[PDB]
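Chains: A, B, C, D, E, F, G, H, I and J, in written order; residue numbering restarts at 1 for each.
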Amino acid sequence: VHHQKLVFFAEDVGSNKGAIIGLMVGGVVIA
Amino acid sequence: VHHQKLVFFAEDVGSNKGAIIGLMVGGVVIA
Amino acid sequence: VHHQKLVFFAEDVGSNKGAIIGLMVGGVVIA
Amino acid sequence: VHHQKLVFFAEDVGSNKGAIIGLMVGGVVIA
Amino acid sequence: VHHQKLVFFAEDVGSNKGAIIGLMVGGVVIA
Amino acid sequence: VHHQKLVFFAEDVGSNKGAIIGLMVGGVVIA
Amino acid sequence: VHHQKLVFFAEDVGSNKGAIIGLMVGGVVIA
Amino acid sequence: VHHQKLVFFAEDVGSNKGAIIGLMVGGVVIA
Amino acid sequence: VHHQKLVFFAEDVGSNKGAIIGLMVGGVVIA
Amino acid sequence: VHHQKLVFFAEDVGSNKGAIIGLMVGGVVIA
(Lines give C-alpha, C1' and ligand atoms only; values in the text may rest on other atoms or scores of the structure.)
Protein backbone atom coordinates (compact mmCIF):
# COMPACT_ATOMS: atom_id res chain seq x y z
CA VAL A 1 0.00 0.00 0.00
CA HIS A 2 1.52 3.29 -1.17
CA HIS A 3 -0.74 6.35 -1.42
CA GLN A 4 0.67 9.58 -2.83
CA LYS A 5 -0.80 12.82 -4.23
CA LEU A 6 -4.36 11.48 -4.39
CA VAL A 7 -5.87 14.89 -5.20
CA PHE A 8 -3.60 17.21 -7.18
CA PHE A 9 -4.12 20.89 -8.04
CA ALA A 10 -1.30 22.07 -10.30
CA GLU A 11 -2.57 25.65 -10.68
CA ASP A 12 -4.51 28.16 -8.61
CA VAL A 13 -7.91 27.38 -7.08
CA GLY A 14 -10.42 30.19 -6.76
CA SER A 15 -12.66 29.02 -3.94
CA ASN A 16 -13.82 25.86 -2.20
CA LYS A 17 -17.45 25.86 -1.09
CA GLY A 18 -17.78 22.07 -1.23
CA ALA A 19 -15.67 19.15 0.00
CA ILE A 20 -12.13 18.20 -1.03
CA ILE A 21 -11.18 14.81 0.42
CA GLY A 22 -7.99 12.96 -0.45
CA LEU A 23 -9.06 9.57 0.90
CA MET A 24 -12.44 8.75 2.44
CA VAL A 25 -13.00 5.35 4.06
CA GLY A 26 -16.73 4.67 4.11
CA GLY A 27 -18.83 7.40 5.60
CA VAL A 28 -21.18 9.91 4.02
CA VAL A 29 -20.26 12.95 1.91
CA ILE A 30 -23.07 15.45 1.29
CA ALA A 31 -22.53 18.44 -0.98
CA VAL B 1 -0.91 -1.57 -4.72
CA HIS B 2 0.43 1.80 -5.87
CA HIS B 3 -1.95 4.77 -5.99
CA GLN B 4 -0.73 8.08 -7.38
CA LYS B 5 -2.37 11.28 -8.67
CA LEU B 6 -5.88 9.80 -8.74
CA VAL B 7 -7.55 13.16 -9.44
CA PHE B 8 -5.44 15.60 -11.45
CA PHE B 9 -6.13 19.27 -12.21
CA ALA B 10 -3.44 20.61 -14.54
CA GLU B 11 -4.86 24.14 -14.81
CA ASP B 12 -6.84 26.53 -12.63
CA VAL B 13 -10.15 25.58 -11.02
CA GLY B 14 -12.77 28.28 -10.57
CA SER B 15 -14.87 26.97 -7.70
CA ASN B 16 -15.85 23.73 -5.99
CA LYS B 17 -19.44 23.55 -4.76
CA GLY B 18 -19.61 19.76 -4.97
CA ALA B 19 -17.35 16.91 -3.86
CA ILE B 20 -13.81 16.13 -5.02
CA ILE B 21 -12.68 12.75 -3.67
CA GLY B 22 -9.44 11.05 -4.66
CA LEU B 23 -10.33 7.60 -3.35
CA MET B 24 -13.62 6.61 -1.72
CA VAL B 25 -13.99 3.16 -0.16
CA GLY B 26 -17.68 2.33 0.00
CA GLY B 27 -19.85 4.94 1.60
CA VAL B 28 -22.35 7.38 0.14
CA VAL B 29 -21.62 10.49 -1.93
CA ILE B 30 -24.54 12.88 -2.42
CA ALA B 31 -24.20 15.93 -4.64
CA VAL C 1 0.80 1.59 4.82
CA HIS C 2 2.48 4.79 3.62
CA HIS C 3 0.37 7.93 3.24
CA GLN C 4 1.94 11.07 1.79
CA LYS C 5 0.65 14.33 0.27
CA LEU C 6 -2.95 13.14 0.05
CA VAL C 7 -4.30 16.59 -0.88
CA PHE C 8 -1.88 18.76 -2.85
CA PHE C 9 -2.22 22.44 -3.80
CA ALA C 10 0.71 23.44 -6.01
CA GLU C 11 -0.40 27.06 -6.51
CA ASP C 12 -2.28 29.70 -4.55
CA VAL C 13 -5.75 29.10 -3.10
CA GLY C 14 -8.15 32.02 -2.92
CA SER C 15 -10.52 31.01 -0.14
CA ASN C 16 -11.86 27.94 1.64
CA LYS C 17 -15.51 28.12 2.65
CA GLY C 18 -15.99 24.35 2.59
CA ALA C 19 -14.04 21.38 3.94
CA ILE C 20 -10.52 20.26 3.03
CA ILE C 21 -9.76 16.86 4.59
CA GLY C 22 -6.62 14.86 3.85
CA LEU C 23 -7.87 11.55 5.25
CA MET C 24 -11.33 10.91 6.71
CA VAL C 25 -12.07 7.57 8.39
CA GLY C 26 -15.82 7.05 8.35
CA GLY C 27 -17.85 9.91 9.72
CA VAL C 28 -20.05 12.47 8.01
CA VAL C 29 -18.94 15.41 5.87
CA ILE C 30 -21.62 18.01 5.11
CA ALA C 31 -20.90 20.92 2.79
CA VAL D 1 1.53 3.27 9.62
CA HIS D 2 3.38 6.36 8.39
CA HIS D 3 1.41 9.58 7.88
CA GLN D 4 3.16 12.61 6.41
CA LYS D 5 2.05 15.89 4.78
CA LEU D 6 -1.60 14.84 4.49
CA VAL D 7 -2.77 18.32 3.44
CA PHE D 8 -0.21 20.34 1.49
CA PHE D 9 -0.37 24.01 0.45
CA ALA D 10 2.66 24.84 -1.70
CA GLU D 11 1.72 28.49 -2.31
CA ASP D 12 -0.11 31.25 -0.47
CA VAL D 13 -3.64 30.82 0.89
CA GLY D 14 -5.91 33.85 0.94
CA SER D 15 -8.39 33.01 3.68
CA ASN D 16 -9.91 30.04 5.49
CA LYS D 17 -13.58 30.39 6.40
CA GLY D 18 -14.22 26.64 6.40
CA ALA D 19 -12.43 23.62 7.88
CA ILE D 20 -8.94 22.34 7.09
CA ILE D 21 -8.36 18.95 8.74
CA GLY D 22 -5.30 16.81 8.15
CA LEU D 23 -6.72 13.58 9.58
CA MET D 24 -10.24 13.12 10.96
CA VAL D 25 -11.17 9.86 12.69
CA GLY D 26 -14.94 9.50 12.56
CA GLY D 27 -16.88 12.46 13.80
CA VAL D 28 -18.92 15.08 11.98
CA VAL D 29 -17.63 17.92 9.80
CA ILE D 30 -20.18 20.60 8.91
CA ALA D 31 -19.27 23.43 6.54
CA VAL E 1 2.20 5.03 14.40
CA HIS E 2 4.22 8.01 13.16
CA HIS E 3 2.40 11.29 12.52
CA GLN E 4 4.31 14.21 11.03
CA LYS E 5 3.38 17.49 9.30
CA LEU E 6 -0.30 16.59 8.92
CA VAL E 7 -1.29 20.09 7.76
CA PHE E 8 1.40 21.96 5.84
CA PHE E 9 1.43 25.60 4.71
CA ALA E 10 4.55 26.25 2.63
CA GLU E 11 3.78 29.92 1.91
CA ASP E 12 2.02 32.80 3.64
CA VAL E 13 -1.56 32.56 4.91
CA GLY E 14 -3.71 35.67 4.83
CA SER E 15 -6.29 35.00 7.51
CA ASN E 16 -7.98 32.14 9.34
CA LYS E 17 -11.66 32.67 10.14
CA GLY E 18 -12.45 28.95 10.21
CA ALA E 19 -10.84 25.89 11.80
CA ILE E 20 -7.38 24.45 11.15
CA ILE E 21 -6.99 21.08 12.89
CA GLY E 22 -4.00 18.80 12.43
CA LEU E 23 -5.60 15.67 13.89
CA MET E 24 -9.17 15.39 15.19
CA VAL E 25 -10.28 12.21 16.96
CA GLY E 26 -14.06 12.00 16.73
CA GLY E 27 -15.91 15.07 17.86
CA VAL E 28 -17.79 17.73 15.92
CA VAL E 29 -16.32 20.46 13.71
CA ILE E 30 -18.73 23.23 12.69
CA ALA E 31 -17.64 25.95 10.28
CA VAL F 1 -47.09 47.97 -11.72
CA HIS F 2 -47.35 46.03 -8.46
CA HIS F 3 -44.70 43.40 -7.69
CA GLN F 4 -45.06 41.26 -4.57
CA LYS F 5 -43.56 37.97 -3.33
CA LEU F 6 -41.95 37.10 -6.66
CA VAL F 7 -39.98 34.16 -5.23
CA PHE F 8 -41.66 32.39 -2.32
CA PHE F 9 -40.23 29.68 -0.04
CA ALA F 10 -42.94 28.48 2.34
CA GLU F 11 -40.78 25.89 4.12
CA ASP F 12 -37.13 25.44 5.03
CA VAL F 13 -34.33 25.64 2.45
CA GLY F 14 -31.27 23.47 2.96
CA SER F 15 -28.58 25.33 1.04
CA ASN F 16 -28.14 27.79 -1.82
CA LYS F 17 -25.11 27.19 -4.02
CA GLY F 18 -26.66 28.86 -7.07
CA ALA F 19 -28.54 32.10 -7.68
CA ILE F 20 -31.88 33.20 -6.24
CA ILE F 21 -33.09 36.39 -7.93
CA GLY F 22 -36.50 37.93 -7.35
CA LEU F 23 -36.47 40.24 -10.37
CA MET F 24 -33.69 40.48 -12.96
CA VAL F 25 -33.82 43.21 -15.62
CA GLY F 26 -31.69 42.10 -18.55
CA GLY F 27 -28.19 41.03 -17.67
CA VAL F 28 -26.55 37.62 -17.56
CA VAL F 29 -27.13 34.85 -15.01
CA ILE F 30 -24.60 32.00 -15.08
CA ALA F 31 -25.04 28.97 -12.83
CA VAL G 1 -43.90 51.18 -9.31
CA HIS G 2 -44.32 49.33 -6.01
CA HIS G 3 -41.81 46.62 -5.10
CA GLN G 4 -42.34 44.57 -1.96
CA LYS G 5 -41.02 41.25 -0.59
CA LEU G 6 -39.36 40.24 -3.86
CA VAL G 7 -37.55 37.25 -2.31
CA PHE G 8 -39.38 35.62 0.59
CA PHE G 9 -38.13 32.91 2.97
CA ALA G 10 -40.95 31.88 5.30
CA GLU G 11 -38.95 29.24 7.20
CA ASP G 12 -35.35 28.67 8.22
CA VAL G 13 -32.48 28.69 5.72
CA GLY G 14 -29.52 26.41 6.36
CA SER G 15 -26.71 28.11 4.48
CA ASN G 16 -26.09 30.48 1.58
CA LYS G 17 -23.02 29.70 -0.52
CA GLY G 18 -24.42 31.35 -3.65
CA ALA G 19 -26.15 34.66 -4.39
CA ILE G 20 -29.48 35.93 -3.06
CA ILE G 21 -30.50 39.13 -4.86
CA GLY G 22 -33.86 40.82 -4.42
CA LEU G 23 -33.65 43.06 -7.49
CA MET G 24 -30.79 43.12 -10.00
CA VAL G 25 -30.74 45.78 -12.73
CA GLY G 26 -28.57 44.52 -15.56
CA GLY G 27 -25.15 43.32 -14.56
CA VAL G 28 -23.66 39.85 -14.34
CA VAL G 29 -24.42 37.17 -11.74
CA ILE G 30 -22.01 34.22 -11.67
CA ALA G 31 -22.64 31.26 -9.37
CA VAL H 1 -40.63 54.32 -6.88
CA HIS H 2 -41.23 52.57 -3.55
CA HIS H 3 -38.85 49.78 -2.52
CA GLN H 4 -39.56 47.82 0.66
CA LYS H 5 -38.41 44.49 2.14
CA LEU H 6 -36.71 43.33 -1.06
CA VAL H 7 -35.07 40.31 0.61
CA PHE H 8 -37.05 38.82 3.50
CA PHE H 9 -35.98 36.12 5.97
CA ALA H 10 -38.90 35.27 8.24
CA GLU H 11 -37.07 32.59 10.26
CA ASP H 12 -33.52 31.90 11.39
CA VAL H 13 -30.58 31.74 8.97
CA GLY H 14 -27.75 29.35 9.75
CA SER H 15 -24.81 30.88 7.90
CA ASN H 16 -24.02 33.16 4.97
CA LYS H 17 -20.93 32.21 2.97
CA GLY H 18 -22.17 33.84 -0.23
CA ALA H 19 -23.73 37.20 -1.09
CA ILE H 20 -27.04 38.64 0.11
CA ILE H 21 -27.88 41.83 -1.79
CA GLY H 22 -31.17 43.67 -1.47
CA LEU H 23 -30.79 45.82 -4.59
CA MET H 24 -27.86 45.71 -7.02
CA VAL H 25 -27.62 48.30 -9.80
CA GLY H 26 -25.44 46.87 -12.55
CA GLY H 27 -22.10 45.57 -11.42
CA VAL H 28 -20.76 42.04 -11.08
CA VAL H 29 -21.70 39.46 -8.44
CA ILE H 30 -19.43 36.41 -8.23
CA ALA H 31 -20.25 33.54 -5.89
CA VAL I 1 -37.37 57.47 -4.32
CA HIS I 2 -38.12 55.80 -0.99
CA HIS I 3 -35.89 52.93 0.16
CA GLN I 4 -36.75 51.05 3.34
CA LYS I 5 -35.78 47.70 4.89
CA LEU I 6 -34.03 46.43 1.76
CA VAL I 7 -32.56 43.37 3.52
CA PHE I 8 -34.67 42.01 6.37
CA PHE I 9 -33.78 39.31 8.91
CA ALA I 10 -36.79 38.60 11.11
CA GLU I 11 -35.12 35.89 13.21
CA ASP I 12 -31.63 35.07 14.45
CA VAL I 13 -28.64 34.77 12.12
CA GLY I 14 -25.92 32.28 13.01
CA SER I 15 -22.88 33.67 11.23
CA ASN I 16 -21.91 35.87 8.29
CA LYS I 17 -18.81 34.77 6.39
CA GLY I 18 -19.90 36.40 3.13
CA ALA I 19 -21.31 39.80 2.17
CA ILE I 20 -24.59 41.38 3.26
CA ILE I 21 -25.25 44.58 1.30
CA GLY I 22 -28.48 46.55 1.50
CA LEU I 23 -27.93 48.63 -1.64
CA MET I 24 -24.94 48.37 -3.99
CA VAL I 25 -24.53 50.91 -6.80
CA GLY I 26 -22.32 49.36 -9.46
CA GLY I 27 -19.07 47.94 -8.23
CA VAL I 28 -17.89 44.37 -7.79
CA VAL I 29 -19.00 41.87 -5.15
CA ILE I 30 -16.85 38.74 -4.84
CA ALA I 31 -17.84 35.94 -2.48
CA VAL J 1 -33.92 60.35 -1.96
CA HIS J 2 -34.84 58.82 1.40
CA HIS J 3 -32.77 55.89 2.69
CA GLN J 4 -33.80 54.16 5.91
CA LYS J 5 -33.03 50.82 7.59
CA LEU J 6 -31.26 49.37 4.55
CA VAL J 7 -29.97 46.31 6.44
CA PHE J 8 -32.22 45.14 9.28
CA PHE J 9 -31.52 42.48 11.92
CA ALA J 10 -34.62 41.98 14.06
CA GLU J 11 -33.13 39.27 16.29
CA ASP J 12 -29.72 38.34 17.66
CA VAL J 13 -26.68 37.82 15.42
CA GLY J 14 -24.10 35.25 16.46
CA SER J 15 -20.96 36.44 14.72
CA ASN J 16 -19.82 38.49 11.74
CA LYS J 17 -16.72 37.20 9.97
CA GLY J 18 -17.64 38.77 6.63
CA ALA J 19 -18.87 42.20 5.53
CA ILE J 20 -22.10 43.96 6.48
CA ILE J 21 -22.56 47.12 4.40
CA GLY J 22 -25.70 49.24 4.44
CA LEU J 23 -24.97 51.19 1.26
CA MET J 24 -21.94 50.72 -1.00
CA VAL J 25 -21.33 53.14 -3.87
CA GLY J 26 -19.13 51.41 -6.42
CA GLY J 27 -15.98 49.89 -5.05
CA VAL J 28 -14.97 46.28 -4.47
CA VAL J 29 -16.27 43.92 -1.79
CA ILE J 30 -14.27 40.71 -1.31
CA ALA J 31 -15.45 38.03 1.10
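The definition used in the following text is that a contact is a pair of C-beta atoms (placed from the backbone, for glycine too) under 8 Å apart; a residue touches a chain by one contact, two chains touch by 3 or more.
**Q** Could you tell me which of C-E, A-D or I-J has an interface matching C-D, in the sense that over half of the contact pairs are shared by residue number?
**A** I-J
**Q** Could you see whether I-J or A-D has the larger number of C-beta contact pairs?
**A** I-J
**Q** With chain centres defined as C-alpha means, what is the inter-centre distance between chain A and chain F in Å?
**A** Comparing mean C-alpha positions, chain F is 32 Å from chain A.
**Q** How big is the gap, in whole Å, between where the Cα atoms of chain B centre and where those of chain C centre?
**A** Chain B and chain C have C-alpha centres separated by 10 Å.
**Q** Return the distance between the CA-based centres of chain D and chain F, expressed in whole Å.
**A** 34
**Q** What is the distance in Å between the mean C-alpha positions of chain G and chain H?
**A** Their C-alpha centroids are separated by 5 Å.
**Q** Hey, what residues on chain H touch two or more of the other chains?
**A** In chain H, 1-31 touch at least two other chains.
**Q** Any idea which chain A residues touch chain D in the complex?
**A** Residues in contact with chain D: 12, 16, 19, 22.
**Q** Which residues of chain F touch chain G once you look at their complex with the stated criterion?
**A** 1-31
**Q** Quick one: in the complex, what on chain E touches chain C?
**A** Touch residues, chain E against chain C: 6-7, 11, 18, 31.
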